[PDB]
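Here we start with a single chain on its own, the form deposited in one PDB entry, put down as structure tokens.
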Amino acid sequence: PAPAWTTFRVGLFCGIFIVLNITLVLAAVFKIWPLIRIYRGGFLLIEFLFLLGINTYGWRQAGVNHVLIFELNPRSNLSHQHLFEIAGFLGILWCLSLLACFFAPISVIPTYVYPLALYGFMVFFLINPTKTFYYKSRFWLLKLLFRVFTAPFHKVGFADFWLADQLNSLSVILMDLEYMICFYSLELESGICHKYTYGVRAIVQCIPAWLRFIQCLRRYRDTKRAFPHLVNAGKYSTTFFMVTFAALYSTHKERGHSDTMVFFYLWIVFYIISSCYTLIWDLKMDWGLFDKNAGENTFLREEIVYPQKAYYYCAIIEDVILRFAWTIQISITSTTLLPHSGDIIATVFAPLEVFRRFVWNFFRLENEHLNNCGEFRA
């Protein structure tokens, strides 16, 4: 059981965050920088932390040995309450920064100082040299991130692949960071960054899928099993093909060279291909569903740890829907595409992708515990 003081802190942070969110909404309805884009990354990170705490709680309840799957220390483990506490505290900081930006309480301090301080403090907390807060977990996360970003140089384990998938679900943060860099470089044609797109933008969008693709190639080289690793690599490269076709279509829309429609057709066909590939991989391989052996459970795996099959069915439906939504969101953010509705579409879709990745984490850990689908254990 978690410490009583930890539960008290979790409750206090949740309450403060709720009241701050209510105040923010009231100020927005009643009462220079792209605040939405600046704060989208922080909001998505807080949501991801909260959903990860929920994932840990559900894994513990279901009996899934997520500690064994992630190779975490059996003696020392991070309770879901700790994740909830961190998410709540970061939510309070995010809401306070947003309120300060909206109100500008202190004139001398410019508005952007609040978001820069928020993000810098979050980074420092992650890389805090001292052992004040969750030092073991933070160091483990830093090592895992370093291994993941260096996908080919280090052998791939379950934790590395899982973190690479999480970063794939969090490409919106990288997109927002790149957009902010462009905004500072050029804004500070006014909206040149949003008006025009470049190859660097597509590369930033595709970096997580590139990391996953290189991880799959490394696993193929180590194990020499062509089928699964190469199929996953194709699944991840569908994203590159789609994004590059969208970029070409947008570029030739800006200047008509008689190839814009070809690029549009390529983008749409590869968008459908990527959506189908990712959805099939998630439903059949990551979750191990639709197997023939299952006789009692229809469209599900023979053994299901979670009590309800309705969970699995709703998960399949929310997986297909949000796979299509995430493909659309990546299309929207990578290129101009829809010029005015792109930002709103991406903002609405990113939390939905975070929720989809949360459900995917649930069911992937379930399948990994029941069967060695990832083949990361002897």
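Quick note: we count residues from 1 along the sequence shown, nothing fancier. Note that the rigid core is defined as the largest set of C-alphas that superpose within 1.5 Å between two forms.
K143 is built in all of the other entries compared, counting only those with both neighbours built, so it is not a gap in a third.
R212, modelled here, also has coordinates in every other compared entry of this protein that models residues flanking it, well short of the third needed to call it frequently missing. Deposited sequence between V200 and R201: no residues lack coordinates (chain continuous). According to the entry, the deposited sequence places 4 to 9 unmodelled residues between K31 and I32.
From this point on, the text means the form deposited in another entry, which you will not see here.
Looking at CA displacements between the shown form and the other one with the core superposed, a shift of 2 Å or more is confined, among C182, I280, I207, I214, to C182.
Put the two forms on the same core and the Cα of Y198 is off by 2 Å or more between the shown form and the other one. With the core held fixed, the Cα of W59 is displaced between the shown form and the other one by less than 2 Å. Residue displacement note: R75 has its CA displaced by under 2 Å between the shown form and the other one (rigid core superposed). Relative to this conformation, an increase of 3 Å or more in the Cα-Cα distance between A202 and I332 is found in the other form.
Relative to this form, in the other form the C-alpha atoms of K155 and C373 separate from one another by 3 angstroms or more.
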